[PDB]
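Here's final.txt, which has compact mmCIF, C-alpha atoms:
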```txt
# COMPACT_ATOMS: atom_id res chain seq x y z
CA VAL A 165 183.99 -38.39 175.50
CA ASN A 166 181.13 -35.85 175.42
CA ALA A 167 181.45 -32.39 173.77
CA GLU A 168 182.02 -30.58 177.13
CA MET A 169 185.00 -32.93 177.74
CA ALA A 170 186.34 -32.77 174.13
CA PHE A 171 186.57 -28.94 174.38
CA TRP A 172 189.32 -29.30 177.01
CA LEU A 173 191.44 -31.40 174.61
CA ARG A 174 191.06 -28.53 172.02
CA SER A 175 191.27 -25.51 174.41
CA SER A 176 194.22 -23.04 174.59
CA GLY A 177 195.84 -24.95 177.52
CA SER A 178 195.73 -28.31 175.67
CA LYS A 179 198.85 -30.41 174.91
CA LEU A 180 197.35 -30.92 171.40
CA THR A 181 196.80 -27.26 170.35
CA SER A 182 200.58 -26.64 170.17
CA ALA A 183 203.10 -27.97 167.62
CA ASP A 184 205.72 -27.91 170.44
CA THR A 185 204.12 -30.18 173.09
CA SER A 186 202.47 -32.48 170.54
CA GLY A 187 204.48 -33.68 167.51
CA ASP A 188 202.97 -31.31 164.88
CA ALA A 189 200.49 -28.53 163.92
CA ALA A 190 197.60 -30.93 162.95
CA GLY A 191 195.89 -30.55 166.38
CA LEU A 192 195.91 -26.72 165.96
CA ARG A 193 194.97 -26.53 162.23
CA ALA A 194 192.66 -29.49 161.56
CA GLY A 195 191.49 -29.90 165.21
CA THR A 196 192.61 -33.57 165.33
CA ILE A 197 192.64 -35.06 168.86
CA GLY A 198 194.11 -38.48 167.81
CA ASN A 199 195.20 -41.33 170.15
CA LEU A 200 196.25 -40.49 173.76
CA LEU A 201 198.30 -42.81 176.01
CA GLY A 202 197.70 -45.73 173.57
CA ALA A 203 193.89 -45.33 173.78
CA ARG A 204 191.78 -44.32 170.74
CA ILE A 205 189.75 -41.21 171.67
CA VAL A 206 186.19 -40.94 170.22
CA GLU A 207 183.63 -38.10 170.74
CA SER A 208 179.83 -38.38 170.98
CA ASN A 209 176.67 -36.41 171.83
CA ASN A 210 174.86 -39.71 172.76
CA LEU A 211 176.36 -39.91 176.28
CA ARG A 212 173.72 -39.00 178.93
CA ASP A 213 175.32 -35.78 180.24
CA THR A 214 175.40 -32.85 177.76
CA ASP A 215 176.39 -29.90 180.05
CA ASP A 216 178.96 -31.33 182.47
CA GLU A 217 182.01 -33.36 181.34
CA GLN A 218 181.38 -37.12 180.98
CA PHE A 219 183.33 -39.97 179.37
CA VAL A 220 183.68 -43.76 179.42
CA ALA A 221 186.99 -45.64 179.07
CA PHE A 222 186.84 -49.35 178.21
CA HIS A 223 188.27 -52.33 176.39
CA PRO A 224 185.98 -53.54 173.50
CA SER A 225 185.90 -57.12 174.89
CA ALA A 226 184.41 -55.81 178.19
CA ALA A 227 180.95 -55.26 176.63
CA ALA A 228 178.89 -57.16 174.05
CA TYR A 229 175.98 -56.20 171.80
CA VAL A 230 173.95 -58.14 169.19
CA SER A 231 171.41 -57.02 166.60
CA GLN A 232 169.09 -59.97 165.89
CA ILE A 233 166.33 -58.50 163.66
CA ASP A 234 166.42 -55.19 161.79
CA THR A 235 163.54 -54.68 159.27
CA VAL A 236 161.41 -52.00 157.56
CA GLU A 237 158.01 -52.50 155.88
CA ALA A 238 155.50 -50.52 153.78
CA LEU A 239 151.71 -51.03 154.05
CA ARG A 240 148.41 -49.28 153.25
CA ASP A 241 146.40 -48.07 156.26
CA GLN A 242 143.03 -49.80 156.94
CA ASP A 243 141.40 -46.66 158.47
CA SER A 244 142.45 -44.13 155.76
CA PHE A 245 143.97 -43.58 152.31
CA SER A 246 147.52 -43.49 153.76
CA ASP A 247 150.72 -45.36 153.34
CA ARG A 248 152.01 -46.83 156.61
CA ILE A 249 155.75 -47.22 157.20
CA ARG A 250 156.88 -49.40 160.09
CA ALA A 251 160.18 -50.85 161.27
CA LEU A 252 161.36 -53.22 164.02
CA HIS A 253 164.77 -53.52 165.68
CA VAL A 254 165.40 -56.50 168.04
CA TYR A 255 168.68 -56.43 169.96
CA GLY A 256 170.48 -56.80 173.27
CA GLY A 257 173.72 -55.93 175.06
CA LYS A 258 175.61 -56.68 178.28
CA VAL A 259 178.71 -55.39 180.07
CA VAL A 260 180.11 -58.96 180.31
CA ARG A 261 183.04 -57.66 182.46
CA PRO A 262 182.08 -54.55 184.63
CA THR A 263 185.72 -53.76 185.72
CA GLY A 264 186.68 -53.40 182.01
CA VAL A 265 184.56 -50.19 181.88
CA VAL A 266 185.49 -46.97 183.77
CA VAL A 267 182.99 -44.07 183.91
CA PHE A 268 183.75 -40.43 184.78
CA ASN A 269 180.68 -38.48 186.00
CA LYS A 270 178.55 -41.71 186.22
CA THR A 271 175.53 -39.96 187.80
CA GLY A 272 175.69 -37.10 185.21
CA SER A 273 172.35 -36.20 183.51
CA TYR B 56 157.35 -52.91 171.23
CA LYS B 57 157.77 -55.21 174.28
CA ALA B 58 156.00 -52.90 176.77
CA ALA B 59 153.18 -52.62 174.15
CA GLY B 60 152.72 -56.45 174.28
CA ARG B 61 154.02 -56.91 170.68
CA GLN B 62 151.42 -54.47 169.32
CA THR B 63 152.08 -51.38 167.14
CA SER B 64 149.92 -48.59 165.64
CA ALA B 65 150.95 -45.78 163.28
CA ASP B 66 151.54 -42.17 164.49
CA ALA B 67 150.83 -39.06 162.36
CA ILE B 68 153.91 -37.20 160.95
CA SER B 69 154.52 -33.41 161.40
CA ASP B 70 156.82 -30.60 160.18
CA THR B 71 158.37 -27.23 161.10
CA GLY B 72 159.23 -24.27 158.84
CA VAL B 73 160.82 -20.82 158.38
CA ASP B 74 160.11 -17.88 156.03
CA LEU B 75 162.77 -16.07 153.95
CA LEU B 76 161.44 -12.61 152.94
CA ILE B 77 162.74 -10.78 149.82
CA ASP B 78 162.16 -7.32 151.31
CA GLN B 79 165.38 -5.23 150.87
CA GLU B 80 165.35 -2.90 147.81
CA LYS B 81 168.42 -0.65 147.44
CA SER B 82 169.44 1.69 144.58
CA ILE B 83 172.20 3.91 143.16
CA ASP B 84 171.22 6.78 140.78
CA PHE B 85 173.51 9.63 139.58
CA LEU B 86 174.00 12.12 136.70
CA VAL B 87 177.09 12.89 134.53
CA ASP B 88 177.12 15.95 132.19
CA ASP B 89 178.55 15.51 128.69
CA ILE B 90 180.37 18.84 129.18
CA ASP B 91 181.97 17.50 132.40
CA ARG B 92 182.82 14.14 130.71
CA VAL B 93 184.69 15.99 127.91
CA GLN B 94 186.34 18.66 130.12
CA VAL B 95 187.71 16.59 133.10
CA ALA B 96 191.38 15.42 133.00
CA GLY B 97 190.55 11.66 132.56
CA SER B 98 187.79 9.01 132.77
CA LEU B 99 184.70 9.35 135.04
CA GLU B 100 184.18 5.51 134.91
CA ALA B 101 185.40 5.25 138.55
CA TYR B 102 181.97 6.64 139.62
CA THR B 103 180.16 3.57 138.12
CA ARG B 104 182.69 1.24 139.85
CA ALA B 105 182.00 3.19 143.07
CA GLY B 106 178.22 2.57 142.66
CA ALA B 107 178.60 -1.21 142.20
CA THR B 108 180.96 -1.19 145.24
CA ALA B 109 178.39 0.69 147.39
CA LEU B 110 175.63 -1.88 146.63
CA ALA B 111 178.07 -4.76 147.31
CA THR B 112 178.97 -3.10 150.66
CA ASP B 113 175.29 -2.52 151.61
CA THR B 114 174.72 -6.26 150.93
CA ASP B 115 177.72 -7.42 153.04
CA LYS B 116 176.48 -5.14 155.89
CA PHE B 117 172.99 -6.77 155.72
CA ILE B 118 174.29 -10.38 155.79
CA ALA B 119 176.72 -9.57 158.64
CA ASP B 120 173.90 -7.91 160.65
CA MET B 121 171.52 -10.84 159.95
CA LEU B 122 174.06 -13.38 161.30
CA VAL B 123 174.79 -11.16 164.35
CA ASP B 124 171.12 -10.49 165.21
CA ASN B 125 169.63 -13.96 164.61
CA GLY B 126 172.46 -16.39 165.53
CA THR B 127 172.56 -17.93 169.04
CA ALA B 128 174.57 -15.91 171.64
CA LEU B 129 177.93 -17.34 172.82
CA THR B 130 178.40 -16.95 176.60
CA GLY B 131 181.53 -15.09 177.85
CA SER B 132 183.17 -11.66 178.36
CA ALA B 133 185.63 -9.55 176.30
CA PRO B 134 188.93 -11.53 175.91
CA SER B 135 191.57 -10.27 178.36
CA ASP B 136 194.49 -12.02 176.60
CA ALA B 137 195.34 -14.04 173.46
CA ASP B 138 194.34 -17.30 175.23
CA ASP B 139 190.85 -16.01 176.13
CA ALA B 140 190.40 -15.14 172.44
CA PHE B 141 191.50 -18.63 171.33
CA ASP B 142 189.15 -20.13 173.94
CA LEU B 143 186.18 -18.10 172.62
CA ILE B 144 186.77 -19.68 169.16
CA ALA B 145 187.22 -23.16 170.71
CA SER B 146 184.06 -22.57 172.81
CA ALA B 147 182.06 -21.38 169.75
CA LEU B 148 183.04 -24.53 167.86
CA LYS B 149 181.89 -26.63 170.91
CA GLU B 150 178.49 -24.88 170.79
CA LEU B 151 178.13 -25.85 167.11
CA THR B 152 179.16 -29.47 167.91
CA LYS B 153 176.56 -29.73 170.75
CA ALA B 154 173.94 -28.69 168.13
CA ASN B 155 175.10 -31.51 165.71
CA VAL B 156 176.17 -28.93 163.07
CA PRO B 157 178.44 -30.60 160.41
CA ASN B 158 182.22 -30.77 161.12
CA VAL B 159 183.46 -30.03 157.56
CA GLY B 160 183.11 -26.52 156.09
CA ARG B 161 182.73 -24.41 159.29
CA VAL B 162 183.70 -20.71 159.08
CA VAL B 163 184.50 -18.06 161.70
CA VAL B 164 184.19 -14.41 160.62
CA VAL B 165 186.09 -12.08 163.00
CA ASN B 166 186.15 -8.26 163.21
CA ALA B 167 189.48 -6.34 163.38
CA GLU B 168 189.43 -6.16 167.22
CA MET B 169 188.99 -9.95 167.45
CA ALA B 170 191.69 -10.55 164.78
CA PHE B 171 194.19 -8.38 166.75
CA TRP B 172 194.32 -11.10 169.45
CA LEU B 173 195.06 -13.76 166.79
CA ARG B 174 197.96 -11.50 165.52
CA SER B 175 199.08 -10.46 169.09
CA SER B 176 202.32 -11.30 171.01
CA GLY B 177 200.47 -13.98 173.08
CA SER B 178 198.96 -15.73 170.02
CA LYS B 179 199.92 -19.35 169.19
CA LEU B 180 200.37 -18.14 165.59
CA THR B 181 203.03 -15.47 166.37
CA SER B 182 205.52 -18.12 167.65
CA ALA B 183 207.27 -20.73 165.48
CA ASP B 184 207.07 -23.35 168.31
CA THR B 185 203.34 -23.23 169.20
CA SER B 186 202.53 -23.18 165.48
CA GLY B 187 204.64 -25.22 163.04
CA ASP B 188 206.36 -22.30 161.20
CA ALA B 189 207.24 -18.55 161.11
CA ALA B 190 204.43 -17.55 158.65
CA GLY B 191 202.09 -16.17 161.38
CA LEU B 192 204.95 -13.89 162.60
CA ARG B 193 206.55 -12.81 159.27
CA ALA B 194 203.47 -12.76 157.00
CA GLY B 195 200.83 -12.30 159.78
CA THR B 196 198.85 -15.23 158.25
CA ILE B 197 195.88 -16.66 160.21
CA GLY B 198 195.37 -20.20 158.80
CA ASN B 199 192.65 -22.61 159.90
CA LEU B 200 191.90 -22.99 163.64
CA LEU B 201 190.44 -26.26 164.99
CA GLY B 202 189.23 -27.33 161.50
CA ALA B 203 187.46 -23.99 160.88
CA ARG B 204 188.33 -21.41 158.19
CA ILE B 205 189.02 -17.96 159.74
CA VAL B 206 187.94 -14.87 157.73
CA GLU B 207 188.34 -11.17 158.69
CA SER B 208 185.70 -8.44 157.98
CA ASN B 209 185.15 -4.72 158.73
CA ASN B 210 181.40 -5.09 157.91
CA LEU B 211 180.48 -6.68 161.31
CA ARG B 212 178.48 -4.18 163.45
CA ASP B 213 180.90 -3.67 166.37
CA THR B 214 184.08 -1.77 165.36
CA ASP B 215 185.68 -1.01 168.79
CA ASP B 216 185.20 -4.30 170.74
CA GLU B 217 185.70 -7.93 169.67
CA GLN B 218 182.82 -9.51 167.73
CA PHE B 219 182.65 -12.68 165.61
CA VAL B 220 180.21 -15.19 164.13
CA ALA B 221 180.90 -18.92 163.77
CA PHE B 222 178.61 -20.89 161.47
CA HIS B 223 178.12 -23.59 158.87
CA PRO B 224 177.25 -22.11 155.40
CA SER B 225 174.04 -24.20 155.23
CA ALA B 226 172.69 -22.54 158.43
CA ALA B 227 172.06 -19.18 156.68
CA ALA B 228 170.53 -18.35 153.29
CA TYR B 229 170.74 -15.29 151.02
CA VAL B 230 168.96 -14.53 147.72
CA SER B 231 169.58 -11.75 145.22
CA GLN B 232 166.45 -11.58 143.06
CA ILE B 233 167.14 -8.47 140.93
CA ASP B 234 170.59 -6.96 140.37
CA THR B 235 170.42 -4.69 137.28
CA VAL B 236 172.30 -1.57 136.11
CA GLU B 237 171.28 0.77 133.27
CA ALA B 238 172.41 3.90 131.48
CA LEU B 239 169.83 6.38 130.14
CA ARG B 240 169.93 10.08 129.13
CA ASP B 241 168.51 12.87 131.32
CA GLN B 242 165.42 14.76 130.00
CA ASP B 243 166.47 18.27 131.17
CA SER B 244 170.22 18.35 130.19
CA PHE B 245 172.96 16.81 128.05
CA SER B 246 173.82 14.22 130.71
CA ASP B 247 174.01 10.50 131.19
CA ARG B 248 172.06 9.01 134.09
CA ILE B 249 173.46 5.77 135.56
CA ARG B 250 171.21 3.83 137.94
CA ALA B 251 171.31 0.39 139.57
CA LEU B 252 168.77 -1.62 141.61
CA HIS B 253 169.53 -4.49 143.99
CA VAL B 254 166.59 -6.47 145.48
CA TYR B 255 167.49 -9.15 148.03
CA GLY B 256 166.71 -11.02 151.26
CA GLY B 257 168.15 -13.53 153.74
CA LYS B 258 167.47 -15.69 156.83
CA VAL B 259 169.23 -17.89 159.39
CA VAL B 260 167.16 -20.94 158.26
CA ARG B 261 168.77 -22.89 161.19
CA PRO B 262 169.38 -20.57 164.25
CA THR B 263 171.51 -23.19 166.15
CA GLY B 264 173.93 -23.41 163.17
CA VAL B 265 175.13 -19.83 163.87
CA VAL B 266 176.83 -18.77 167.15
CA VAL B 267 177.60 -15.07 167.84
CA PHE B 268 180.18 -13.62 170.22
CA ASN B 269 179.23 -10.11 171.45
CA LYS B 270 175.68 -10.16 169.90
CA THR B 271 174.67 -6.83 171.52
CA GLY B 272 177.89 -4.99 170.45
CA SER B 273 177.44 -1.81 168.35
CA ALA C 2 150.18 -2.26 143.12
CA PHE C 3 149.82 -6.08 142.78
CA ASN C 4 148.11 -7.44 145.94
CA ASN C 5 147.12 -10.83 144.48
CA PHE C 6 149.47 -11.71 141.56
CA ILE C 7 152.81 -11.89 143.52
CA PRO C 8 153.38 -15.49 144.83
CA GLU C 9 154.90 -17.01 147.94
CA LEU C 10 157.03 -20.06 147.01
CA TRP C 11 157.65 -23.34 148.90
CA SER C 12 160.99 -25.18 148.60
CA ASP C 13 160.60 -28.75 147.24
CA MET C 14 163.40 -29.93 149.63
CA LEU C 15 162.81 -30.70 153.33
CA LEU C 16 165.49 -29.79 155.86
CA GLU C 17 166.62 -33.09 157.35
CA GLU C 18 167.38 -32.84 161.07
CA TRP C 19 170.99 -32.49 162.20
CA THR C 20 171.44 -35.55 164.48
CA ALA C 21 174.37 -36.97 166.49
CA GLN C 22 176.81 -39.36 164.77
CA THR C 23 176.28 -42.90 166.19
CA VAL C 24 179.55 -44.54 167.36
CA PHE C 25 179.01 -47.16 170.09
CA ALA C 26 177.68 -50.04 167.92
CA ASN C 27 181.13 -50.36 166.24
CA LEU C 28 183.20 -49.96 169.47
CA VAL C 29 181.73 -52.84 171.57
CA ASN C 30 182.30 -56.58 171.01
CA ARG C 31 179.98 -58.04 168.29
CA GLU C 32 181.27 -61.65 168.10
CA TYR C 33 178.04 -63.21 169.50
CA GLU C 34 176.03 -62.05 166.42
CA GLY C 35 177.20 -65.33 164.82
CA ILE C 36 175.42 -67.46 167.48
CA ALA C 37 172.64 -65.04 168.56
CA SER C 38 170.75 -65.23 165.20
CA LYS C 39 168.30 -67.84 166.62
CA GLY C 40 167.41 -67.78 170.38
CA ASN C 41 166.35 -65.26 173.07
CA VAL C 42 169.42 -65.76 175.43
CA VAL C 43 173.19 -66.30 175.18
CA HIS C 44 174.92 -67.82 178.23
CA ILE C 45 178.54 -66.73 178.64
CA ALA C 46 180.61 -68.82 181.10
CA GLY C 47 183.91 -67.89 182.83
CA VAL C 48 186.67 -69.97 184.43
CA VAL C 49 187.19 -69.94 188.20
CA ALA C 50 190.93 -70.48 188.75
CA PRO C 51 192.03 -73.52 190.86
CA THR C 52 193.35 -72.25 194.25
CA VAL C 53 197.07 -72.43 195.24
CA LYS C 54 197.60 -74.47 198.45
CA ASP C 55 200.43 -74.26 200.99
```

Written as C-alpha cells, that's how I'd like the structure from this file.
Amino acid sequence: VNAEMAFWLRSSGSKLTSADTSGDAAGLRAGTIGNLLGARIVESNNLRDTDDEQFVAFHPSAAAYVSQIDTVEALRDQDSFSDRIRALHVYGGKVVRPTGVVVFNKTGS
Amino acid sequence: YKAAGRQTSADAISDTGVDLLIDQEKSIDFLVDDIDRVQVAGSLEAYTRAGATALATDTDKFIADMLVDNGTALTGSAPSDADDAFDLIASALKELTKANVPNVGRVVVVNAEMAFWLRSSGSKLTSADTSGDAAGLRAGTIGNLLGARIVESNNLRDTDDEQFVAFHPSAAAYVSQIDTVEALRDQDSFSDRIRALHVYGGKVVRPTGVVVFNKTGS
Amino acid sequence: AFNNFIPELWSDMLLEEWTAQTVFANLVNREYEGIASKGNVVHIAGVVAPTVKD
C-alpha cells in the first residue's frame, strides 16, 4: 500500500485503532497494522502514485525478479585529479502470471 | 547503461546546506539588600530559582515558536469532535511518512486546547473498550498514539485554539552556547547583585521533518 | 567589537538524505537467480491441460 492508503488503516474510523474491534491496543499505541484477511500488509513510498490511494495485492509466485550482476568500482579520473566511483546493476523481472496481481488505482501517477 | 550503448562517464557531485545562527542573548539581573535579607521572615533564595525558571521558560518559548514558524503546515480546519482531533494526529504522521522521516522516535507536542480533545468524552482513551484499560478515564493518561510519543505544553503560541507540532528530534537543532550565573556586590549599597546570561540559537535543519497544525494561530 | 575574529563553523558530518525503505525485492519470487547467473534470457514454460471429451 502507499502512504495515502495506509492512513485509512490508522485513521479514527479504522478497525485497527480500537482495542474492541481488533484484538488489542497495539494498533492504537504502536500503530501496528499487521495481517488482514490472511494477507501480509506492507507499506511503501515507491509505488507510482503519492497523492491518491494506490496498492497492489499479489501472490509472490505471480512475479519473478533476478539480480545478475551488482558491482562497485573505484578509479582515478583521466581528465582531472579526481577519484571516480562507478557501479553497475544488471537485472530483470517479469509478472509470470498477470492474474496473480491485482492493482487498485492502476493509472495513478 | 543500455540506452547509452554500454558507455558511462562520471557526473560531478553537489550539496545543499542550512545555517544555524547563535543570535539570541537573554539575561536576568536583580538586587537584594543585606538589610532586607536579614529582616524578611525567611529565605530570599526563591528569587534566584525564579530567575533560572524565567530563562528556561524564555528558551522553551523560542524553541516552540521556531517549530511553529518553520515547520511545514498541516492542511485542515479546527477539530469539531474527538475523531477530527485523532485524524489530525494520524494525518500529521502520514505527512511525516510521505517525507521518509524515520518511524522510531517521533513526537507530537500538543497545546491544552488540542489535549482537551484527547481527554474528551468522544476520545478513544476515555473508554475502556476503544483503549485496552481504564487509565485514560481514571488517571487521564495520554499514552502513545500511532507509535508517536504525545507531550503537552503551554509554551506553544496559540492558547485559545488547537495547535500542535509533530516532528522527529533530528529535524530540529538547538544550541546553548553560554549559560552562566554570577553573584557580585553592588557599588552604591550593601546589596548582592545576582545576574545570569543565556546565549542560544536553533533551526529546523530539515523543514519536512516538522509538521505544524494551526501554523498561523496566535 | 570583533568584526573579524569571531568564526563561522562547518559541521564535519553530512546530512544523508531521508529515502524510502525498499521492500519489493524481497516480496517477489527470486528462485530463478540460481539459473539466471549465466545467460541473457530465462524461458518459463506452462502446461496446457488435456481437454475433457464427451

Report the closest atom pair, with its distance in Å rounded to one decimal, for each residue of region 151-261 of chain B that has an atom no farther than 10 Å from region 182-204 of chain A; count all atoms listed in the file, sort by chain and then rising residue number, and write it as JSON lines.
```
{"residue": "B:179", "atom": "CA", "partner": "A:182", "partner_atom": "CA", "distance": 7.4}
{"residue": "B:180", "atom": "CA", "partner": "A:182", "partner_atom": "CA", "distance": 9.7}
{"residue": "B:183", "atom": "CA", "partner": "A:183", "partner_atom": "CA", "distance": 8.6}
{"residue": "B:184", "atom": "CA", "partner": "A:184", "partner_atom": "CA", "distance": 5.2}
{"residue": "B:185", "atom": "CA", "partner": "A:182", "partner_atom": "CA", "distance": 4.5}
{"residue": "B:186", "atom": "CA", "partner": "A:183", "partner_atom": "CA", "distance": 5.3}
{"residue": "B:187", "atom": "CA", "partner": "A:189", "partner_atom": "CA", "distance": 5.4}
{"residue": "B:188", "atom": "CA", "partner": "A:189", "partner_atom": "CA", "distance": 9.0}
{"residue": "B:198", "atom": "CA", "partner": "A:193", "partner_atom": "CA", "distance": 7.2}
{"residue": "B:199", "atom": "CA", "partner": "A:193", "partner_atom": "CA", "distance": 5.1}
{"residue": "B:200", "atom": "CA", "partner": "A:193", "partner_atom": "CA", "distance": 4.9}
{"residue": "B:201", "atom": "CA", "partner": "A:195", "partner_atom": "CA", "distance": 3.8}
{"residue": "B:202", "atom": "CA", "partner": "A:194", "partner_atom": "CA", "distance": 4.1}
{"residue": "B:203", "atom": "CA", "partner": "A:194", "partner_atom": "CA", "distance": 7.6}
{"residue": "B:204", "atom": "CA", "partner": "A:193", "partner_atom": "CA", "distance": 9.3}
```

* Rank nothing, just name the residue among A:229, A:171, A:219, A:255 nearest to residue 26 (chain C), using all atoms listed in the file. =>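 Under the stated criterion, the closest residue is A:229.
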
* To do: Find the residues of chain C in contact range of chain B, meaning any atom within 7 Å when counting all atoms listed in the file, and list them as a PyMOL selection string.
  => chain C and resi 19-21

* **Residues of chain A within 10 Å of chain C, all atoms listed in the file counted, as an NGL selection string** => :A and (206-211 or 222-233 or 255-260)

* To do: Provide the CA of residue 245 (chain B) to CA of residue 94 (chain B) distance in Å, to one decimal place.
  =>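 Straight-line distance from CA of residue 245 (chain B) to CA of residue 94 (chain B) works out to 13.7 Å.
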
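CA of residue 119 (chain B) sits 14.3 Å away from CA of residue 217 (chain B).
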
* Rank nothing, just name the residue among B:86, B:121, B:133, B:145 nearest to chain A, using only C-alpha atoms. =>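 Selected residue with least distance to chain A: B:145.
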
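Here the question is which of B:214, B:130, B:103, B:178 gets nearest to chain A using all atoms listed in the file, and that residue is B:178.
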
What lies within 8 Å of residue 206 (chain B) using all atoms listed in the file, ignoring chain neighbours under 2 positions off, as a CSV table (one decimal) with C-alpha atoms, in the coordinates of the input?
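Saved result, selection.csv, follows:
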```csv
chain,number,residue,atom,x,y,z
B,162,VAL,CA,183.7,-20.7,159.1
B,163,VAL,CA,184.5,-18.1,161.7
B,164,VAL,CA,184.2,-14.4,160.6
B,165,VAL,CA,186.1,-12.1,163.0
B,204,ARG,CA,188.3,-21.4,158.2
B,208,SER,CA,185.7,-8.4,158.0
```

* Asked: Which value, in Å to one decimal, gives the distance between CA of residue 95 (chain B) and CA of residue 108 (chain B)?
  -> 22.6 Å

* Selection: 10 Å around residue 129 (chain B), all atoms listed in the file, excl. self and same-chain fewer than 2 positions, as a ChimeraX atom specification -> /B:126-127,131-132,143-144,146-147,150,219-221,265-270

* To do: Extract, using all atoms listed in the file, all DNA, RNA and protein residues at most 12 Å from residue 240 (chain B), discarding same-chain residues fewer than 3 positions from it, and format them as JSON, numbers by chain.
  => {"B": [85, 86, 87, 88, 89, 237, 243, 244, 245, 246, 247, 248, 249, 250]}

* Within 7 Å of (183.5, -40.6, 177.0), all atoms listed in the file: residues as an MDAnalysis selection string? -> chainID A and resid 165:166 207 218:221
